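J.: Starting off with a structure, shown below.
Here the Cβ positions follow ideal geometry from the backbone for every residue, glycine too, while neighbour counts run over all protein chains shown. Every number in this text was worked out from the coordinates using simple rules, so none of it is lab data.
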There are 2 protein chains.
Amino acid sequence: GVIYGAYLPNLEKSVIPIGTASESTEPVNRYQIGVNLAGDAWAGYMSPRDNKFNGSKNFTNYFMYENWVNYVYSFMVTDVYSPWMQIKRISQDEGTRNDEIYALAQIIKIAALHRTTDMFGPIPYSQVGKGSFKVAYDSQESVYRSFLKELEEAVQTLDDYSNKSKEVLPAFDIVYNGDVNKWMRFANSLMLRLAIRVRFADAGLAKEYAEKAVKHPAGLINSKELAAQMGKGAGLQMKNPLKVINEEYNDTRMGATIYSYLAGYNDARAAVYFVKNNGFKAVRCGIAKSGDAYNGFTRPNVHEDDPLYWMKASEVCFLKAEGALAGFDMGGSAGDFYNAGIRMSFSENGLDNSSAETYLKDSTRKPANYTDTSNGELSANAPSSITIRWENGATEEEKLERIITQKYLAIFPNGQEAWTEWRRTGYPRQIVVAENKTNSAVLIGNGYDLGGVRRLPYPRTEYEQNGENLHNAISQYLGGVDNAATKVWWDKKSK
Amino acid sequence: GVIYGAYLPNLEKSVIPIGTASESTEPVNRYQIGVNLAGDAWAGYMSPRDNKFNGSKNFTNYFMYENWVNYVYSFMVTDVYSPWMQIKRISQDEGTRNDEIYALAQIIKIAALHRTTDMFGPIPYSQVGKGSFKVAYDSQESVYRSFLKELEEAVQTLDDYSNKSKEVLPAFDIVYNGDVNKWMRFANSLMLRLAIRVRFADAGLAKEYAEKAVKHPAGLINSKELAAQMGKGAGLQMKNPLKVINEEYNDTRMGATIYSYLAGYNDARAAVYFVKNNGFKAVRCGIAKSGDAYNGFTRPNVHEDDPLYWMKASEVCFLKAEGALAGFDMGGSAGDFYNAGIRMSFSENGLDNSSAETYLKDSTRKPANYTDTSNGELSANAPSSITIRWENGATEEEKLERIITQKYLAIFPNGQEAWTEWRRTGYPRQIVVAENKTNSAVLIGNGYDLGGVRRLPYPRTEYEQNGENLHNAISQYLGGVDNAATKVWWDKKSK
């Protein structure tokens, strides 16, 4: 189906902004603003070399700059829906239906849009594409319930189709070259992520779908060869946007928060994730303009053709570890999946198993204090004292802290997901910002269950062209307060 | 002989509108308005792809559009009586009579006109032919009593004639190529249908003629090869009107009501009646204009030369089942005929007996709930929970429900008969309309014994040229109220 060759790659490139060589740097800018200066900053992975953007008032110090919010909404909504609608029209609304192609597009749409609703809360969803320019907003709750149901339906369609053929649009699928089995595994894995996410809002919904995902006969992403990633596929070569931000823009450095954990635990992944050289030097997030102060500080270790991962195998293990802790039927104890998650992450990073075993038995090392050699006034104490080695007799919160802190280290550099899990659980504990220049009521907080960016505010463009519908969503679902301090539906632990 | 070649085929083509390739699309339009958008809709077999007809105010949402009623009355009355009167004039009212030809013409006339009176109630009948277009109406009761007596006399005439010759106008009869024996079987089978129809209005009349039909030595339609159909005959090839409505007009889709039963029962006839693809997607009747929403939804599975059936063999089994349930001497139990009807329908649809046996022994499957994936507001619960397998200890209503629901699936796509039987018994229980734009006091009702279209109102043409006679019929037989909420004589159970 050559007709789908234009839309499918574009839809996949919209999940996490990325493109080919001819297409690059433009989407790199979307990645820089929507991920590198957003979730990466707020989750403590990375900090700008120099906080100079917009007169030093930007996402990194909690100033929700209007131009950036308009931009992010645009590429997280319009760029996802446009190619999806065209695939839906051709595969479902013209001639003979092609359900397998629609099931594929649905899986990719949810891979993109779960990040969008996690970012903003309520979003246009069920009413999109029904002939109206002004579109009504769905509650985040209904969107998540729909995601879970759509993924299950998508997997069933592909499972029925697997009897007929093992491939769907192979010449145009960058992720798995059309492999139907790998798509079912990703869809099941994504369902598990989204089920765990809703635990605190609705434990019953979480149990239902977490158990469906782990019990489905098609399986889950359980090896690095099955990971959902954008690198080489369909004859194309994606270009890592973080490499461009690092080398060409010289705009990013190692974050103080992730340093505390990596350095404290003497973590062998530190040298894989960042260029160690003589030693690590990290930058604290939410600080004043510093000129050339952090030029010699640690940069991420990333190359031009390094794949960008929607989901790694190690993440599935930590999701099952938490599902086990939650009382769901995951087919194992929380401790066993936790240890397996650590082993998988080391394997994923090219580290040997002996190193992994020694690491997961470590019960003495704790997160390190942060020292800023350029500015001692920015030095901070370790945000946590949690150790690595699993303890069966630990409190439920301590068990959760370990699982999420280790998942956090495994899923690096996916700052969007790291930020979401920090919002949902409070982990890993962050080193709070040094300065707050917010225009959206954001609190410095305690780096755990209070404060930080809880969501992006809605874009001005929605106030200008869809104001009635936006007002209804804000009133119904955000308690009348459209700012970054307001919590989304699944965020039910924080204060 | 040649004299009858002009009138007999025209009379047979007027029973249910259909014609050869040269005279098609005009009769397709009669079939579309008189069956596809009337009985098929109200019985739940099919719904329009897009409800756009007459600014979305038409039969499907209970608006009895004047132009359509005039049209329907014209082809259900004038088109039947014209060729019949000429056959009568030549075969009875001129010198040497020909009783066998008139007998054949009578059977075909009743095949047509029982649908007309079921549609309108009282109609011109006994006073037709003598004086003008100003003809007095007969009560439906008198018309039915006459039908039953006329069929018996017709069969008696053909029986006497069978001793002299086995054929009548073989070169011009499209249905049975002049086979006198096959015509006698159809006459007896039609008598049975009309006998059971009058059960609730007059149980004595029903018993008399139901027993006459099943005891007559000529027999009934007891095999697929004896079915009364319009396809290949007398050297002509009829063209299925549903195929044209489906492919050329793109105007019809699977109904939500029939979906519930076919999908819920995992019915192997579903893929024979409709084009399955990945699965089924049905459309609810009585809804707003939807543009391209249902373009990809399920279409009927039908080809250019597929026969159109006046009566299938399996229906005879379901009529006997009910007759036995009513206490008549049918020569078997209700359960035995019920099961035979299911096996017969499976054979009629080219399915093996192993499928049929597993199906009729199914005591757990229930009709499915209806989900509209394009518009969640149109989703509905299953209208019934009746299961397939016969139960001797069930209530009399449950036994009737089973018989009628299975007859309904067996006689697809005969919407006229399906609608007539729903009005008479309330079965199968329907998914009610979503919107009611009625101009004729029709109630949404409960999909069972309350509401729905109870008849077509009389046409304006009759108010304009036969007003005095029409008024008398309305006053005497319809309680002074000519609308679609008023009931016809045989409709005695409903409220």
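J.: Scan region A:436-445 and tell me whether some residue there is among the charged types (D, E, K, R) and without any contact (Cβ under 8 Å) to a residue 60 or more places away in the chain.
T.: No, there is no match, as no residue in region A:436-445 is among the charged types (D, E, K, R) and without any contact (Cβ under 8 Å) to a residue 60 or more places away in the chain.
J.: In addition: Among the candidates A:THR387, A:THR405, which residue alone is more than 30 Å from A:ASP292 (Cβ to Cβ), of a type in the set (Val, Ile, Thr) and part of a helix (DSSP H, G or I)?
T.: One residue alone meets the criteria, A:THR405.
J.: Is there any pair linking a residue in region B:295-318 that is within 14 Å of another protein chain (Cβ to nearest Cβ) to one that is assigned to a helix (DSSP H, G or I) and of a type in the set (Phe, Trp, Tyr), with Cβ under 9 Å and at least six apart or on different chains, and which?
T.: The qualifying pairs are B:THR298/B:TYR259; B:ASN301/B:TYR273.
J.: Looking for something within 14 Å of chain A (Cβ to nearest Cβ), polar (S, T, N, Q) and touching a residue at least 40 places away in the same chain (Cβ under 8 Å) - is there at least one such residue anywhere in region B:271-290?
T.: yes
J.: If I filter region A:347-366 down to residues being in contact with a helix residue (DSSP H, G or I) (Cβ under 8 Å, 6 or more places away or on another chain) and in a loop (DSSP other than H, G, I, E, B), which single residue comes out as nearest to A:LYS312 (Cα to Cα)?
T.: Restricting to residues being in contact with a helix residue (DSSP H, G or I) (Cβ under 8 Å, 6 or more places away or on another chain) and in a loop (DSSP other than H, G, I, E, B), the top hit is A:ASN349.
J.: Among residues belonging to region A:169-187 that are of a type in the set (A, V, I, L, M, F, W, C) and in a helix (DSSP H, G or I), point out the one that is farthest from the other protein chains (Cβ to nearest Cβ).
T.: A:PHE186
J.: Looking only at residues in region B:367-383 that are farther than 14 Å from B:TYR294 by Cβ and outside any loop (DSSP other than H, G, I, E, B), which one is farthest from the other protein chains (Cβ to nearest Cβ)?
T.: Ranking the qualifying residues of region B:367-383, first place goes to B:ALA380.
J.: Something else now. If we keep just the residues of region A:113-168 that are farther than 20 Å from A:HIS471 by Cα and among the aromatic types (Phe, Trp, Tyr), which is nearest to the other protein chains (Cβ to nearest Cβ)?
T.: A:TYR161
J.: When you look at B:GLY393, is it out of contact with any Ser or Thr (no Cβ under 6 Å at 6 or more places or on another chain) and on the phi > 0 side of the Ramachandran plot, yes or no?
T.: No; evaluated as a whole, the condition is false for this residue.
J.: For region B:223-232, what are the residues that are surrounded by fewer than 17 Cβ atoms within 10 Å (Cβ to Cβ) and either touching a strand residue (DSSP E or B) at 6+ places or on another chain (Cβ under 6 Å) or polar (S, T, N, Q) (or both)?
T.: Scanning region B:223-232 gives a single hit, B:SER223.
J.: Follow-up question, since we're still on this one. When you check B:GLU348 against the structure, is it more than 14 Å from chain A (Cβ to nearest Cβ), surrounded by fewer than 21 Cβ atoms within 10 Å (Cβ to Cβ) and touching a strand residue (DSSP E or B) at 6+ places or on another chain (Cβ under 7 Å), yes or no?
T.: For B:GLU348, the condition - more than 14 Å from chain A (Cβ to nearest Cβ), surrounded by fewer than 21 Cβ atoms within 10 Å (Cβ to Cβ) and touching a strand residue (DSSP E or B) at 6+ places or on another chain (Cβ under 7 Å) - is not met.
J.: Out of curiosity, is B:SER440 surrounded by 16 or more Cβ atoms within 10 Å (Cβ to Cβ) and polar (S, T, N, Q)?
T.: yes
J.: Among (1) closer than 23 Å to B:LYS224 by Cα; (2) touching a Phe, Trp or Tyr at 6+ places or on another chain (Cβ under 6 Å); (3) not basic (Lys, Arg), where does B:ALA380 come up short?
T.: (1)
J.: In this structure, is B:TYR265 crowded, with 16+ Cβ neighbours inside 10 Å, out of contact with any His (no Cβ under 7 Å at 6 or more places or on another chain) and within 14 Å of chain A (Cβ to nearest Cβ)?
T.: The answer is no for B:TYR265.
J.: Condition (residue is over 17 Å from A:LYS239 (Cβ atoms) and not acidic (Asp, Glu)) applied to region A:10-25: is it met by at least one residue?
T.: Yes: one or more hits.
J.: With touching a residue at least 12 places away in the same chain (Cβ under 8 Å) and either more than 30 Å from A:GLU152 (Cα to Cα) or within 14 Å of another protein chain (Cβ to nearest Cβ) (or both) as the only criterion, which of A:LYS109, A:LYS88 stands out?
T.: A:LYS88
J.: For region A:26-117, give me every one of the helices (runs of 4 or more DSSP H) that falls completely inside it and has 2 or more residues that are surrounded by 21 or more Cβ atoms within 10 Å (Cβ to Cβ) and touching a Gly at 6+ places or on another chain (Cβ under 9 Å).
T.: A:26-31, A:39-42, A:66-92
Residue-by-condition table, conditions (1) on the phi > 0 side of the Ramachandran plot; (2) surrounded by 22 or more Cβ atoms within 10 Å (Cβ to Cβ); (3) touching a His at 6+ places or on another chain (Cβ under 8 Å):
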{"site": "A:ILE221", "(1), (2), (3)": "no, yes, no"}
{"site": "A:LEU236", "(1), (2), (3)": "no, no, no"}
{"site": "A:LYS243", "(1), (2), (3)": "no, no, yes"}
{"site": "A:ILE258", "(1), (2), (3)": "no, yes, no"}
{"site": "A:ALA271", "(1), (2), (3)": "no, no, no"}
{"site": "A:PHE274", "(1), (2), (3)": "no, yes, no"}
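J.: What about A:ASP352, is it more than 21 Å from the chain's Cα centre (by Cα) and under 30 Å from A:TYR176 (Cα atoms)?
T.: yes
J.: Which of the residues that make up region A:45-63 are farther than 20 Å from A:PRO300 by Cα and charged (D, E, K, R)?
T.: The one that is farther than 20 Å from A:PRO300 by Cα and charged (D, E, K, R): A:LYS57.
J.: Under the condition of being among the charged types (D, E, K, R) and under 22 Å from A:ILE16 (Cβ atoms), which residue from region A:443-471 is surrounded by the fewest Cβ atoms within 10 Å (Cβ to Cβ)?
T.: A:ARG454
J.: Right, something else. Considering only region A:198-215, how many residues are crowded, with 22+ Cβ neighbours inside 10 Å and touching a residue at least 40 places away in the same chain (Cβ under 8 Å)?
T.: 6
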